[PDB]
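Shown next are two forms of a single protein chain, provided one at a time as structure tokens under the names structure 1 and structure 2.
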Structure 1
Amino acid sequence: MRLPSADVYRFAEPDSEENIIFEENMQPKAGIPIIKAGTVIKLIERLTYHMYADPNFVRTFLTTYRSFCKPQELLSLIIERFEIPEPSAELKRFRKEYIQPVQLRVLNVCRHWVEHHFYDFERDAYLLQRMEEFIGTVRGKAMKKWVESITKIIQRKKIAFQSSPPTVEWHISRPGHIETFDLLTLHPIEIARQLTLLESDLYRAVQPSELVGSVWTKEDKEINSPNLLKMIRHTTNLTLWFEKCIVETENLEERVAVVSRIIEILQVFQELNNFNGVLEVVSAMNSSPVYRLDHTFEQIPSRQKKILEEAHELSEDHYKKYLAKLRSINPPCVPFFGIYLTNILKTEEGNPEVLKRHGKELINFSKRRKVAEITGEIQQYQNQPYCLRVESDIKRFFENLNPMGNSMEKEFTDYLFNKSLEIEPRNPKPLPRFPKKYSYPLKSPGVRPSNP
């Protein structure tokens, strides 16, 4: 085929080690080469390639491009790519085999951009002005169908299914009596279900815009990662609430009941595949104030000690068992996000933004593919909801937990540890006795549902 010069159309420049390099493997389901690195022009040529469509590359590119190219600069390149100059029998082939496919591909990119990364347009209303402009100028019977589609999505974006779930379980607290709700008064099955529902919505609300570019670690983390941060803060508040429940229960018999109830909640989190909930309990148990309460743990049934020991092993050997158990299960589940955060950060920190070949800078795409592989792994567990009925009063109770109160982390942390030393002094100080504080019975109703 014969194409115009680089002085009129930049995308016509042929492939070379100076502008594009590949990985030695091919896309498994597509047979398409895997780009390792390339220039922004060559990466945009492959994004809108004439010979074949490359969906994975479109999804990877649109998710991770903002590090190497600005949204307003990308629109201009995909507009420039569409505006093809001509270089009979030769012309009829070029129009059909290179102009029509390349144009169709930029329109597909535009549709993907608008459908899945609309945030770009919500943050730059001129970007949306130019998109609607460009789209308006596009003419052809072939185009009309995709131009109609893009417009229908923009307008939608501007506007902004199961069997019966189980019966909500109750223990001492009766429905409507929020005033009496606490760890031991609510049913442990319902505590775990209601926390799982909360934690599942928190997990499903996290977007790749909050992760790509390691933006949750930067100075504007509160602006760019609000949902991730609410999610981590909920987790932290639950661990702190479990530690507080334990160490503020000074009577050893009552405290043993508290820890046993928390292990019962952990068991139900295991049953529900709530790995975030599982580690909230493990973290609370392995905290400095709790880990040292030997008199409390001596009185805990071996079955519960073993349940806790198995949950802890998930974390061991750099989350080896956790990672296997997650691979072995299917949705719904609430994964532990921390691993994904460390893997995105280390991928971004441990790889160069650019590779140099014959003294020319190539953008390192592989680094972006690896980040995009993790964001996809996050998204694969965000689609499936749980078949559990919400209980609005138990939900609000957990949404409003504030164990720290008005204290700072250190001030609270020290208080928790001092309480731990108070209730179980350091050896050889003998064990003091403390008065009971619960006027209701401590026997658990169990983790097996009372109703079929």
Structure 2
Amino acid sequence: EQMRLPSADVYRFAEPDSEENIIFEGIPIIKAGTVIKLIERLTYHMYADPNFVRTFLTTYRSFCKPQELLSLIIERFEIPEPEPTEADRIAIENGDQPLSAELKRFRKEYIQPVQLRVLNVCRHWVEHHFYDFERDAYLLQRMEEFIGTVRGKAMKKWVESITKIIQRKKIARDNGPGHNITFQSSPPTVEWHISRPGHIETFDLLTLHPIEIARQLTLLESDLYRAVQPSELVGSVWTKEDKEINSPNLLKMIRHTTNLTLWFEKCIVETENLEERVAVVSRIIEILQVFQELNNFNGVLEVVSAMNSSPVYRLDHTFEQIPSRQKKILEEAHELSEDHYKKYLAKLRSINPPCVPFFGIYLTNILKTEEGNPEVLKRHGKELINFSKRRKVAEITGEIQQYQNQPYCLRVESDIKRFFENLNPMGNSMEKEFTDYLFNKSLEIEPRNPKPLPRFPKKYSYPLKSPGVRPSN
């Protein structure tokens, strides 16, 4: 009795499971499938599958376009009803209403179930991935068209649910971001050093207070971390040609990291006087120290990256003068990264909020997953989409997400914020050219051992003494 399901002449989502169309790894977990089998199982009539819905909608762009998805789920929804029996045909021939017994049960046990799973996909799509519709107005047109042409008593509650979500997201992106954290305790006083409040023209590494540099960079990096959406990381989309559209928050995070790291390097090697340069390196290790007190691991490893860089790491005469206890701070920070990040991961998972995780490790691990797993599995001459590959990426993005909920009890200083948002150490140079300049500047200020060490004039007119990293109170 196969003929209860609709035929392949009329419906593409009812062909049998085979080893040529679906591989699996309780609700079953799919390893690989054709897109039709993935859509079918996304909307399967016998059970709901919230883990697969979530993971599919996070990752589908690596195997299917949004417009193709919408077409496929609409096609999924439009199930053909079976032909009436000879007796039902006789009934309507006689002028009567037919009994319709199988038609009624097929509606109950197939059509309605599938259709409510399609509307659930729509709801999850608009609720958690509204960006696809912000990025494509015609996709939003199609969605609203499809949703307003869904008729029926059982469907209309969903149509409401979806329409109301679509209203909220349109209203929210019209309004923009707002202030949505009341401080749950009193934040500490903003710290100031040489630069006076408002006097932004004097803002620099040594002239702002090291505590406040570290706090304001932590607030900034916290917001950047929190703004990354999972799909920005799937498929390596931030390395592809449409990176600026598909990965905006991700690329903001990456470019911030690049600009802060290179700015630290620039501050160091452009201070040619040894003693001033020691005070600069020492101030950066103080900022590191405050990053670690805040559990901004992102900022700790940006300082580490700068201290391990080509231009900076070779500056033996500078590091000789750094106090032993600041050397120990810097050594411990480096040891976070050793052995595949062992101590980092242990500390991450044991602290209480708030923190900023190191973002670079997630990129590294996602790239390894992307490069170490095939896009397709071949079975019997057919290519199936490797869905396990996407699930493994989605699980890494879910680790990201678990820490995106950790606001700091720190007050924003708008001008210091803007100073760090507007860091541009490279200028109009390309990265490679800029880092070649940095390395050449390093060789100038501390030549390779056979050549002697010149002295260089001082460049800072204010005192080099730090105020330290203990706050007021």
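Structure 1 provides the reference sequence; residues are numbered from 1 along it. Throughout, rigid core stands for the largest set of C-alpha atoms superposing within 1.5 Å between the two forms.
- With the core held fixed by superposition, the comparison between structures 1 and 2 singles out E97 as the only member of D201, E248, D182, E97 whose CA moves by at least 2 angstroms.
- A displacement of 2 angstroms or greater separates the C-alpha positions of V215 between structures 1 and 2, with the rigid core held in common.
- Once the rigid core is overlaid between structures 1 and 2, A12 counts among the residues whose Cα shifts by 2 Å or more.
- Comparing the forms between structures 1 and 2, the C-alpha position of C333 differs by less than 2 angstroms, with the core used for superposition.
- The two forms line up on their rigid core, and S76 then has its Cα shifted by 8.6 Å between structures 1 and 2.
- Fit the two forms on the rigid core and the C-alpha of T375 turns out 2.2 Å off between structures 1 and 2.
- The Cα position of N224 changes by 1.1 Å between structures 1 and 2 once both are aligned on the rigid core.
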